[PDB]
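Computed over heavy atoms, backbone and side chain alike; hydrogens, waters and symmetry mates excluded. Throughout, a chain's letter reflects where its sequence line sits, starting with A, and its residues are numbered from 1.
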Amino acid sequence: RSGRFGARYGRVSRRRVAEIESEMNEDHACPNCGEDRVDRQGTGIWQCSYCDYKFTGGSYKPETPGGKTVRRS
Amino acid sequence: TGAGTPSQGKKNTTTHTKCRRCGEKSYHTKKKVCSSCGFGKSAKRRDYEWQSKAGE
Amino acid sequence: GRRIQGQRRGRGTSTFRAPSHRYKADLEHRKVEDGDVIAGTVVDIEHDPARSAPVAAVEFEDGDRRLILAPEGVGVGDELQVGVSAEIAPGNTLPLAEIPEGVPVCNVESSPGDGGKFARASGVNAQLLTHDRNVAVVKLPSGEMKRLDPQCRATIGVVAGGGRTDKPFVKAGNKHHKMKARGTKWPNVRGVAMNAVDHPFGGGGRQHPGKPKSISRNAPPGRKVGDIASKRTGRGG
RNA sequence: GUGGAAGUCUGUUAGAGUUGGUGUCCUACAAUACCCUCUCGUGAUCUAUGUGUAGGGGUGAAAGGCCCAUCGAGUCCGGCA
RNA sequence: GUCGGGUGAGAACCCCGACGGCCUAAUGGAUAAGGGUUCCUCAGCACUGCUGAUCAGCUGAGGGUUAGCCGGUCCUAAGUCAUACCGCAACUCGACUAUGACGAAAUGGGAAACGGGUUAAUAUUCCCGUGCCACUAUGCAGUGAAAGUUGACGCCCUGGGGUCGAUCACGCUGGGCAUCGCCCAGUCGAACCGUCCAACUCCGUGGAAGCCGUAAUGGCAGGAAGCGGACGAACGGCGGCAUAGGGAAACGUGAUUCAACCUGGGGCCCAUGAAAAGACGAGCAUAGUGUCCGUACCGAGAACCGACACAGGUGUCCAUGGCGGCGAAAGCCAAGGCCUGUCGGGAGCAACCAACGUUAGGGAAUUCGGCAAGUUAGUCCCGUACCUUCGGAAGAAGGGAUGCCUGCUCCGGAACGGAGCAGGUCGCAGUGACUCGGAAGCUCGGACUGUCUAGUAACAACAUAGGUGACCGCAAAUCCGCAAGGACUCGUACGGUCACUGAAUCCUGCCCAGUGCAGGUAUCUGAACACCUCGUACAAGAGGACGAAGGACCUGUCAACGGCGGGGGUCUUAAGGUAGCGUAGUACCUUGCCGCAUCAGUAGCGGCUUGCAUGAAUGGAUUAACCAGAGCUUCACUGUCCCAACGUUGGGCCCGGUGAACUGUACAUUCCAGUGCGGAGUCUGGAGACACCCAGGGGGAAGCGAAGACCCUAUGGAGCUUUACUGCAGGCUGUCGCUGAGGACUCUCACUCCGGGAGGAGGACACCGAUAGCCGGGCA
RNA sequence: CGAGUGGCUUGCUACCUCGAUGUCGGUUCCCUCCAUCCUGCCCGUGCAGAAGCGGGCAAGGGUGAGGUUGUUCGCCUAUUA
RNA sequence: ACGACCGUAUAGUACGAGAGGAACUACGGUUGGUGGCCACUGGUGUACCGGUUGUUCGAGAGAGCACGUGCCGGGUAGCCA
Ligand SMILES: [Cl-]
Ligand SMILES: [Cl-]
Ligand SMILES: [Cl-]
Ligand SMILES: [K+]
Ligand SMILES: [Mg+2]
Ligand SMILES: [Mg+2]
Ligand SMILES: [Mg+2]
Ligand SMILES: [Mg+2]
Ligand SMILES: [Mg+2]
Ligand SMILES: [Mg+2]
Ligand SMILES: [Mg+2]
Ligand SMILES: [Mg+2]
Ligand SMILES: [Mg+2]
Ligand SMILES: [Mg+2]
Ligand SMILES: [Mg+2]
Ligand SMILES: [Mg+2]
Ligand SMILES: [Mg+2]
Ligand SMILES: [Mg+2]
Ligand SMILES: [Mg+2]
Ligand SMILES: [Mg+2]
Ligand SMILES: [Mg+2]
Ligand SMILES: [Mg+2]
Ligand SMILES: [Mg+2]
Ligand SMILES: [Mg+2]
Ligand SMILES: [Mg+2]
Ligand SMILES: [Mg+2]
Ligand SMILES: [Mg+2]
Ligand SMILES: [Mg+2]
Ligand SMILES: [Mg+2]
Ligand SMILES: [Mg+2]
Ligand SMILES: [Mg+2]
Ligand SMILES: [Mg+2]
Ligand SMILES: [Mg+2]
Ligand SMILES: [Mg+2]
Ligand SMILES: [Mg+2]
Ligand SMILES: [Mg+2]
Ligand SMILES: [Mg+2]
Ligand code: NA
Ligand code: NA
Ligand code: NA
Ligand code: NA
Ligand code: NA
Ligand code: NA
Ligand code: NA
Ligand code: NA
Ligand code: NA
Ligand code: NA
Ligand code: NA
Ligand code: NA
Ligand code: NA
Ligand code: NA
Ligand code: NA
Ligand SMILES: [Sr+2]
Ligand SMILES: [Sr+2]
Ligand SMILES: [Sr+2]
Ligand SMILES: [Sr+2]
Ligand SMILES: [Sr+2]
Ligand SMILES: [Sr+2]
Ligand SMILES: [Sr+2]
Ligand SMILES: [Sr+2]
Ligand SMILES: [Sr+2]
Ligand SMILES: [Sr+2]
Ligand SMILES: [Sr+2]
Ligand SMILES: [Sr+2]
Ligand SMILES: [Sr+2]
Ligand SMILES: [Sr+2]
Ligand SMILES: [Sr+2]
Ligand SMILES: [Sr+2]
Ligand SMILES: [Sr+2]
Ligand SMILES: [Sr+2]
Ligand SMILES: [Sr+2]
Ligand SMILES: [Sr+2]
Ligand SMILES: [Sr+2]
Ligand SMILES: [Sr+2]
Ligand SMILES: [Sr+2]
Ligand SMILES: [Sr+2]
Ligand SMILES: [Sr+2]
Ligand SMILES: [Sr+2]
Ligand SMILES: [Sr+2]
Ligand SMILES: [Sr+2]
Ligand SMILES: [Sr+2]
Ligand SMILES: [Sr+2]
Ligand SMILES: [Sr+2]
Ligand SMILES: [Sr+2]
Ligand SMILES: [Sr+2]
Ligand SMILES: [Sr+2]
Ligand SMILES: [Sr+2]
Ligand SMILES: [Sr+2]
Ligand SMILES: [Sr+2]
Ligand SMILES: [Sr+2]
Ligand SMILES: [Sr+2]
Ligand SMILES: [Sr+2]
Ligand SMILES: [Sr+2]
Ligand SMILES: [Sr+2]
Ligand SMILES: [Sr+2]
Ligand SMILES: [Sr+2]
Ligand SMILES: [Sr+2]
Ligand SMILES: [Sr+2]
Ligand SMILES: [Sr+2]
Ligand SMILES: [Sr+2]
C-alpha cells in the first residue's frame with residue numbers, strides 16, 4: 001500500500017492512497033460476463049482478463065456513484 | 001560555473017557565415033538573415049543614417 | 001515595474017502553451033444529415049492526454065473512424081447511435097428534445113451543432129430537467145440552471161473517469177507530470193515572495209501584501225491580482 | 001516464503017554539484033584555477049543537438065537571478081562636441 | 001630518467017639499443033562540432049617553441065582526400081520562411097487562414113558490401129575475390145494489386161534463445177624459464193545464399209468438477225493436461241561461400257558464464273510515451289544505367305573555444321582484457337600509447353614556505369567554535385533504547401569473529417558459485433596494503449525529495465503535496481496586440497484563471513469603525529448630446545429641465561488590508577487578546593529568578609513569566625522522519641594546546657641558459673627631540689655615520705594597488721513606493737454615427753453568432769468609430 | 001569648601017587627512033612609564049607575639065592557569081610572593 | 001644573568017595567662033629566566049634489519065609498484081627535550 005511512501009507525506013495522504021488503491025486493485029465483477037477478473041489498464045480504463053471486455057469506468061473504481069445513477073432514470 | 005573562461009569552451013556553434021549577397025561573414029545560418037546587408041530580410045540593401053555622423 | 005506573470009502568459013510563448021502537437025482529438029459530436037441512420041461500434045478505449053480521462057474510438061457505418069467523448073460504462077464491441085431517433089441509452093447522442101427529463105447527460109452543445117461545450121470533464125454531468133418547444137432547461141455541474149435550445153445535442157450518461165480528484169497528488173513530482181500535459185506554468189511563486197518591481201504584492205521587510213487583496217473589476221492588467229472583484233472573502237458570516 | 005515498490009538508503013559507476021579548510025593560487029595554469037573534505041546520483045534527474053521567447057521586453061521553484069567576462073533595465077552606432 | 005651509440009660545425013632534451021619508469025573510461029581505439037592543410041616527403045633553423053635544437057603543429061618546395069551499396073542527397077519533428085489574403089501612414093513590420101518550400105551529416109525515419117591486398121600520405125572509395133540493391137530494356141511467367149502488415153516508438157521487474165569476450169578441460173603449433181614443471185602466445189576464416197526454430201497466436205484430438213504451469217503473476221466445461229498440426233526468431237546454429245583469404249607453424253574439440261542481437265511474462269500512469277517518406281503485400285533470366293556533393297589531418301595538459309603550444313571548458317561509442325573484490329571501486333598488470341601535464345647543473349642541500357611522515361607524558365587545558373587533524377571502518381554472528389505518522393528510529397548502542405594449511409559436509413545441473421565442519425599452524429597485527437561509519441543525548445528552524453544569488457550568501461529563503469478564499473456557463477473569467485488577430489484551448493466547473501497559507505495531528509477566538517471589494521438604494525449629488533428660457537437678425541455666452549456610472553446613504557464580507565489599547569469596579573477608534581505558547585532567531589530591563597551541569601557555565605536545558613513590544617492560514621501549538629542549516633552536553637580519540645623535536649618531497653641558496661612586471665618630482669647613511677597645516681629621511685638643535693655587496697624577516701617611507709564605498713554637498717542620475725504634483729493607457733457608464741419598420745413595446749432588413757448546407761439564434765442591440773463622466777502607480 | 005597634576009574615560013572643537021593613514025577584541029614580539037600588587041630596605045600603630053592596618057624609599061625582577069561572554073570590562077574557580 | 005618561593009636546624013624557643021608563635025644565621029630543594037651539552041632517559045631517524053597484505057616478474061630465490069617508507073615492529077650516527 002502506502003508502505004512504499006516510508007515515513008513521508010503523513011497519515012491522511014497515504015491513508016487515502018492505500019484505501020483508494022486497495023479498492024482499485026480488488027477483483028471487480030465484469031459487466032460483460034460475471035467474473036471478478038477486471039483490472040485497471042490506465043486512468044479510467046478497465047479490462048477483464050477472462051473475456052477481454054475493455055471498458056470505461058471511474059478513475060480508481062470501475063463504477064462511480066454517479067455512474068450507477070444513469071442506469072436508474 | 002563561471003561566466004568567463006570556463007563558459008567560453010562551450011562555444012562551437014556556427015551562426016554567422018559568408019553572405020551570398022554582400023560577401024561579409026554576416027549571414028546568420030540559423031536565421032538565414034544577413035546582419036550586414038539585410039539579405040534574407042529585405043530586397044533593398046540594409047542601410048541607416050546613424051552609420052555616419054549626422055551632418056555627414 | 002516589469003510585467004507580471006499573468007501578462008507574460010498572454011504572449012502565448014512556448015512556456016505557456018499547451019502541448020497541442022501531442023493532443024489526440026477534439027471530441028466533437030458527429031454531424032448527421034438527419035434520420036439518425038448513423039451508428040458505429042466502439043473499437044477501442046484510449047487515454048486522452050488533454051483531459052486525463054478515457055476516450056472511445058468508434059467506427060461508424062459509413063466508414064468514419066473518430067474518437068468520442070466517452071461516458072462511464074462504454075466498452076469495446078458496444079454499439080452507439082447518433083441522431084434524433086437514436087435509442088435512449090448510455091453513450092448515445094441526440095438533441096435534448098428527444099432526451100427524457102431527469103436523465104444525466106454530458107458534452108452538451110451550447111448552440112445546436114457546435115459539437116459540445118458543457119460537462120466534458122472527468123466524472124461530471126449536466127442534468128436535463130425541463131422540456132418544452134422553445135427551451136430545454138439543464139442543470140450544469142456548477143449547479144447553474146442553463147436555458148438551452150432543445151435542438152442542442154448531448155450524450156446520455158456521466159463522463160468517464162469520475163473520482164479522479166479524490167486521490168491526493170501526494171508529491172510535487174506527480175503534480176509536475178500532470179502539469180507537463182497542460183498549458184500551464186508551474187510551480188507557483190507567491191506574489192508576496194517577489195520584489196516590488198515584479199508584483200503588486202512584492203517588496204517589504206517581511207512578506208505581506210501592502211494593500212487590500214480584493215481588487216476592482218475595472219483594474220487594468222498588471223494590477224488585477226489577488227481576489228478579483230470578490231463578492232466577499234473568508235469563511236465566516 | 002515469494003514478490004520487487006520507492007521524487008528510498010550506501011556508492012569519487014557514468015554523470016551532476018560544491019559544506020568546510022576561511023588550505024594552495026592571488027603580475028595565477030586560470031579576468032573564478034588546484035587539492036582534500038563534502039552533497040546528489042530511477043528522477044520535480046542529468047546530458048547533446050535542433051528549435052522558440054528580445055530590451056521597459058524576455059526568462060525567473062524569486063537571488064533583482066539570468067538574457068555571450070557587463071543587468072535595480074543588454075549590446076552597437078547615432079542623437080553628441 | 002640513465003648508460004652506450006647514430007647524425008651533425010654544434011647534441012641533457014633529434015634518432016637507435018639496453019636498463020628504469022608513467023597512463024587503463026585513459027595519457028589507449030573510433031568519431032561529432034569546430035579548425036582548415038595543421039596531413040605526407042624532401043631541404044632548412046632567421047622566426048615560433050618556458051633553456052638548447054641537427055627537432056617540430058615552425059620556414060622553403062613539392063605531393064596527398066578516388067564510392068550504385070559510408071554520410072549527404074530523400075522523409076517528416078519542434079519549428080522557419082516565401083507567396084496569396086488582411087492590418088499598418090508605411091515597410092525590410094504584424095497575428096490568422098490557404099498553398100508551397102525549408103527544417104535531423106555523431107544521435108529520429110531510411111533500398112543495397114563484405115573479406116583481404118596495396119601507398120610516403122586515401123581506401124566498405126583504388127586493386128583482387130565474392131556478394132547485394134534500385135531503376136530501365138528484352139524474355140518467360142503473372143492477372144493478381146489492395147485489404148492488411150511494416151516503417152512505429154514510455155518507465156520499472158523478469159524468463160527463455162544466443163554470439164563475441166573471458167575462463168575451465170584436453171590436443172596440436174611456436175615461445176619463455178631452468179633445482180621444480182610451470183608460464184606465455186596462436187590454434188583463424190566475412191558479407192551473402194540456403195536451411196533450422198524457441199516464444200507468441202491459432203486449429204484438430206482430448207475430456208480435467210481439481211488438476212495444469214511459473215522466477216513471479218496465473219490457466220481451465222466459454223474446454224485444463226496430454227497427443228498432432230498451421231503460422232512463426234536472432235547481428236544465432238548448421239552447409240555453401242573457401243584447392244577465397246590469412247598464417248612461420250598448428251591451422252583444435254567440448255564446456256560454463258553469456259555484452260550484442262532475437263523472443264516472451266509481469267507491474268505503473270490525475271504522466272499514455274512522434275510523424276512522414278519508404279517497404280512488404282507482389283516471380284524469375286539476361287543486359288544496361290546508378291550522375292552530383294563530402295572523404296586528408298587534429299579531436300585536445302600543443303590542431304576546437306578561452307588574446308597563448310592556457311592545469312579551464314568541450315558531445316558520442318569502445319561498460320566484457322588479466323588478478324582483485326559486491327563492483328564499471330582501490331591497488332597491481334596486459335594490448336596500445338608515452339618519458340612533451342618539456343629548462344637544466346650543484347650544495348646531507350642552512351633560515352624560511354608549500355605538501356606530508358613520526359612524536360614521550362598529559363588529553364581540548366587550545367579556539368568564538370575540536371577549525372585542522374584524528375578516531376571508527378569491509379563482512380558474519382549475537383544484540384539493540386527513547387520515541388513513532390507503526391513506515392521508521394536502526395548499521396541505534398554494545399559484544400564477539402575474521403589468515404594460512406590438510407581433509408571434508410551441505411545447496412545447486414554446474415561455475416574457475418555460495419553456506420558450513422574437523423584437525424593442524426604463523427605473526428605485534430589476518431577487512432594485515434588497498435578499500436573501509438566515530439557514537440550518544442538535549443534544544444531551535446524548515447515537514448519531507450527538490451530550488452537559489454554563473455564569479456564572497458545553499459540557509460531558517462523559493463518550491464512542494466495539503467488547507468483556503470476569489471473570478472467565470474465558454475459569444476465566459478484571466479491575459480497579449482495599434483490593428484488584422486492571438487495564448488489559455490484538440491481545454492469546459494472532477495475545469496482553469498487569480499491570490500494567500502505551507503505534510504500529518506489538535507485547532508484556528510473577538511472586531512465591518514477606517515480602507516478595499518461587492519450588492520442595494522426612497523431621497524441628495526452627478527457630464528456631454530438633444531430639449532426649454534434669456535441673450536445674439538445668427539453665434540459666442542448665461543440659466544433651466546432631465547440625470548448614467550460614480551459618490552452620499554444602507555447592507556454583506558477578515559483563511560480582505562489590518563486591529564485586539566489606556567483607564568475604572570467606560571474612553572479613542574470597531575473590538576479589547578480567547579486555545580495555546582512565552583525572557584522566545586520576538587524580553588529593552590538582562591548575566592531576570594529557581595534548579596540542572598562544571599573546580600568555576602553572560603552559554604545550554606528544565607521551570608517560573610506581569611509578554612519594553614507573543615498569539616491563531618500577517619496562521620497558533622505540536623511533531624515521527626529528513627538535513628554539508630543554528631546552539632549545547634557526553635563517551636571515544638588526537639601535537640588544537642602544554643612545547644616543541646626529528647624526518648620526507650618540492651622550492652628556497654650557488655652555477656649555465658632564458659628573461660618580464662609593479663613602481664620612479666627631486667635629493668636621500670640615519671637616530672633622538674623639537675618645530676611645522678597640530679602624524680618630518682629633507683626644517684632646527686644635538687647625536688651617530690668609511691664605501692660597496694649577500695641572505696633575511698617585514699618596523700617606517702601616514703609603502704604600492706583603486707579620483708572613499710562611510711558622511712555631507714549638487715536647484716546631479718537611476719531603480720522602487722504611495723491617499724506627492726501632473727498626465728497617459730485600461731475598465732465601467734451616458735450620448736452621437738453604424739441604424740431599419742410598426743417611458744414602456746412589437747417586428748425584420750442592416751449587423752452579430754451557430755450550422756457543411758438548408759436553416760437556426762439574436763437584432764437595431766451588440767461589435768466598431770467619436771465624445772462625455774467615474775475609477776485609474778498598470779504606465780510616464 | 002578651596003588649590004592643582006595627568007591626558008587612562010567621556011564630552012567639546014573641526015586644525016590635518018575623503019585622487020582612502022583598513023574596525024573592536026584577541027594573538028604574537030619589542031621598548032617604556034610609576035600614581036608600587038609582590039619581592040628589598042624603612043616609619044608609625046588602637047605595635048606583646050603571629051598577623052593586620054596606614055605611611056616612606058624604590059621600576060632590578062616578577063605579576064601566572066582556568067569557566068560563561070566576540071567581548072574590553074567584569075562576574076566566578078583553584079592555585080600564587 | 002639571575003629573580004622568587006618551599007622546607008630543615010634555630011624552636012614548640014623569644015613573646016604571651018593561654019591560645020597562638022617569630023628572627024639573625026647555616027643548610028637542602030623547587031620554580032621562572034638564562035647559556036650550553038647528549039654519558040643517562042625520552043623523541044626522531046623515508047641509513048639499516050625484520051615481519052606481512054594485494055599485484056607483476058611462471059614457482060623458488062630475488063625483486064618492482066601500492067607517493068615520495070604499501071602497512072607494521074625494532075632502531076645506529078646525528079639532531080633534539
Ligand atoms: Cl491540477
Ligand atoms: Cl561522412
Ligand atoms: Cl515468463
Ligand atoms: K578621510
Ligand atoms: Mg473535443
Ligand atoms: Mg511544460
Ligand atoms: Mg508557492
Ligand atoms: Mg527576495
Ligand atoms: Mg509594483
Ligand atoms: Mg510566511
Ligand atoms: Mg537545448
Ligand atoms: Mg588514414
Ligand atoms: Mg604543455
Ligand atoms: Mg604524544
Ligand atoms: Mg583560553
Ligand atoms: Mg572537522
Ligand atoms: Mg549436490
Ligand atoms: Mg536558541
Ligand atoms: Mg528543507
Ligand atoms: Mg555566489
Ligand atoms: Mg545546501
Ligand atoms: Mg495550495
Ligand atoms: Mg488549491
Ligand atoms: Mg516558507
Ligand atoms: Mg533560558
Ligand atoms: Mg483569524
Ligand atoms: Mg505572511
Ligand atoms: Mg572621489
Ligand atoms: Mg550610501
Ligand atoms: Mg531621481
Ligand atoms: Mg466564426
Ligand atoms: Mg513613477
Ligand atoms: Mg576642517
Ligand atoms: Mg597603506
Ligand atoms: Mg614614588
Ligand atoms: Mg607585626
Ligand atoms: Mg625595567
Ligand atoms: Na510479503
Ligand atoms: Na567547497
Ligand atoms: Na532597455
Ligand atoms: Na542463418
Ligand atoms: Na573481473
Ligand atoms: Na625539452
Ligand atoms: Na534524494
Ligand atoms: Na471595518
Ligand atoms: Na498580532
Ligand atoms: Na535537505
Ligand atoms: Na605534527
Ligand atoms: Na618594512
Ligand atoms: Na538605481
Ligand atoms: Na620594580
Ligand atoms: Na574570563
Ligand atoms: Sr571550470
Ligand atoms: Sr556547444
Ligand atoms: Sr524574411
Ligand atoms: Sr536605409
Ligand atoms: Sr470545440
Ligand atoms: Sr467544429
Ligand atoms: Sr509587500
Ligand atoms: Sr470567522
Ligand atoms: Sr534517491
Ligand atoms: Sr548517494
Ligand atoms: Sr568560508
Ligand atoms: Sr588539509
Ligand atoms: Sr580567487
Ligand atoms: Sr539500481
Ligand atoms: Sr554577462
Ligand atoms: Sr556621442
Ligand atoms: Sr644557429
Ligand atoms: Sr607532422
Ligand atoms: Sr530537406
Ligand atoms: Sr541517421
Ligand atoms: Sr531510458
Ligand atoms: Sr541466459
Ligand atoms: Sr579518415
Ligand atoms: Sr580520443
Ligand atoms: Sr581536456
Ligand atoms: Sr605495454
Ligand atoms: Sr622544449
Ligand atoms: Sr620509525
Ligand atoms: Sr573546548
Ligand atoms: Sr576552553
Ligand atoms: Sr562492532
Ligand atoms: Sr547554480
Ligand atoms: Sr557557496
Ligand atoms: Sr498543517
Ligand atoms: Sr467595510
Ligand atoms: Sr491570555
Ligand atoms: Sr510549524
Ligand atoms: Sr640636520
Ligand atoms: Sr623576502
Ligand atoms: Sr592621500
Ligand atoms: Sr618616582
Ligand atoms: Sr612589601
Ligand atoms: Sr578599548
Ligand atoms: Sr560587561
Ligand atoms: Sr622554620
Ligand atoms: Sr600549641
Ligand atoms: Sr615507493
Ligand atoms: Sr589499516
Identified pairing partner of E:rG685, criterion: Watson-Crick or G-U wobble below 3.5 Å: E:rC672
Per C:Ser142 side chain, nearest of listed nucleotides E:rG473, E:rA518, E:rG481: E:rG473
Per-nucleotide protein contact string for nucleotides 445-462 of chain E (B base, S sugar-phosphate only, - none; heavy atom under 4.0 Å): --BB-----BB------S
Outermost nucleotides of RNA chain D that come under 4.0 Å of a non-hydrogen atom of chain A: D:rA5 to D:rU8
Members of residues 105-124 of chain C that approach RNA chain E, where some heavy atom sits under 4.0 Å away: C:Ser110, C:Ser111, C:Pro112, C:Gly113, C:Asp114, C:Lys117, C:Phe118, C:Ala119, C:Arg120, C:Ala121, C:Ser122, C:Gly123, C:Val124
Return a table of donor-acceptor pairs under 3.5 angstrom between the side chains of residues 48-56 of chain B and protein atoms on other chains or two or more places apart.
| residue | atom | partner | partner atom | Å |
| --- | --- | --- | --- | --- |
| B:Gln51 | OE1 | B:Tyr48 | N | 3.2 |
| B:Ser52 | OG | B:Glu56 | O | 3.0 |

Base-pairing mate for E:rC126 - Watson-Crick or G-U, with both contacts under 3.5 Å: E:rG117
Given RNA chain D, 5'-ward residue of the pair C:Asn195 and B:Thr15, judged by closest heavy atom: C:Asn195
G-U wobble or Watson-Crick pairing nucleotide for E:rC50 (cut-off 3.5 Å, both distances): none
NZ/NE/NH1/NH2 to OD/OE distance under 4.0 Å, C:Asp64 and C:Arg30: yes
Using residues 166-180 of chain C as the side-chain source, report each donor-acceptor pair under 3.5 Å to any protein atom, sequence neighbours left out, with the distance given to one decimal.
| residue | atom | partner | partner atom | Å |
| --- | --- | --- | --- | --- |
| C:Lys167 | NZ | A:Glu21 | OE2 | 2.7 |
| C:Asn174 | ND2 | C:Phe169 | O | 2.9 |

For C:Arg9: groove with a base N/O atom under 5.0 Å of the side chain: minor
Nucleotide E:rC488, atom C1' - distance to CZ of C:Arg51 in whole Å: 17 Å
Residues within residues 145-162 of chain C bordering RNA chain E, heavy-atom distance below 4.0 Å: C:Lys146, C:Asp149, C:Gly162
A:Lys61 NZ to E:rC270 P, straight-line distance once rounded to whole Å: 14 Å
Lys/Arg-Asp/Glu bridge criterion (N-O < 4.0 Å) met for C:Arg2, C:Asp198: yes
Pucker family that the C1'-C2'-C3'-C4' torsion assigns to E:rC387: north
N or O in side chain of C:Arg164 less than 4.0 angstrom from E:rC270 OP1/OP2: no
Integer-rounded Å distance: E:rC498 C1' and C:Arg217 CZ: 11 Å
Within residues 223-237 of chain C, residues whose heavy atoms come under 4.0 Å of RNA chain E: C:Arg223, C:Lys224, C:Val225, C:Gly226, C:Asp227, C:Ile228, C:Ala229, C:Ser230, C:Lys231, C:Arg232, C:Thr233, C:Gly234, C:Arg235, C:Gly236, C:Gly237
A:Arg16 atom CZ: more than 12 heavy-atom contacts under 6.0 Å: no
Presence of C:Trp186 side-chain N/O under 4.0 Å of E:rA465 phosphate oxygens OP1/OP2: yes
Protein-nucleotide distance (C:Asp26, atom CG; E:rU489, atom P), rounded to Å: 14 Å
Residue pairs fulfilling ring-ring contact (aromatic ring centres under 6.0 Å, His included) with at least one residue in residues 6-25 of chain A, sequence neighbours excluded: A:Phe5-A:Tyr9
Strand contacts (RNA chain E) in residues 28-56 of chain B, 4.0 angstrom heavy-atom criterion: B:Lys41, B:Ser42
For atom NE2 of C:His208 and atom P of E:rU618, their distance in whole Å: 12 Å
Euclidean distance, atom CG of residue C:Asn218 to atom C1' of E:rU733 [Å, nearest integer]: 10 Å
Protein-nucleotide distance (C:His21, atom NE2; E:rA274, atom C1'), rounded to Å: 8 Å
Over-ring placement of C:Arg11 relative to C:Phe16, 6.0 Å and 45° cut-offs: no
Neighbour count above 12 (heavy atom, 6.0 Å) for A:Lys61 NZ: no
Paired and unpaired positions of RNA chain F as dot-bracket, Watson-Crick or G-U wobble under 3.5 Å, | denoting a partner strand: ....................................(((((((((......))))))..)))..(((.......)))....
Complementary nucleotide for E:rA706 - Watson-Crick or wobble, under 3.5 Å: none
Solution key, residues 92-100 of chain C side-chain donor-acceptor pairs under 3.5 Å, sequence neighbours excluded:
| residue | atom | partner | partner atom | Å |
| --- | --- | --- | --- | --- |
| C:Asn92 | OD1 | C:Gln81 | N | 2.7 |
| C:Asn92 | ND2 | C:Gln81 | OE1 | 3.4 |
| C:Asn92 | ND2 | C:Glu87 | O | 3.1 |
| C:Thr93 | OG1 | C:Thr155 | OG1 | 2.9 |

Complementary nucleotide for D:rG78 - Watson-Crick or wobble, under 3.5 Å: none
Short side-chain N/O contact to E:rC390 OP1/OP2 from A:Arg14, under 4.0 Å: yes
Sugar geometry class by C1'-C2'-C3'-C4' for D:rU32: south
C1' atoms of E:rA230 and E:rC262, separation to the nearest Å: 22 Å
Nearest listed nucleotide, side chain of C:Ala50, among E:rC490, E:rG495, E:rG756: E:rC490
Contact state string [nucleotides 718-726 of chain E, B base, S sugar-phosphate only, - no protein heavy atom under 4.0 Å]: --SS-----
Under-4.0 Å side-chain N/O to phosphate OP1/OP2 contact, C:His47 with E:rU272: yes
Length of the line joining C:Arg182:CZ and E:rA487:P, which is rounded to integer Å: 18 Å
Nucleotide opposite E:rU573 in a Watson-Crick or G-U pair, distances under 3.5 Å: none
Path from C:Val58 to C:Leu27 over hydrophobic side-chain contacts below 4.5 Å: no
Assigned partner base of E:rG283, Watson-Crick or wobble definition, under 3.5 Å: E:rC140
Counter-base of G:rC27, judged by Watson-Crick or G-U geometry with both distances under 3.5 Å: G:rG7
side-chain N/O A:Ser59 vs E:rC494 OP1/OP2, d < 4.0 Å: no
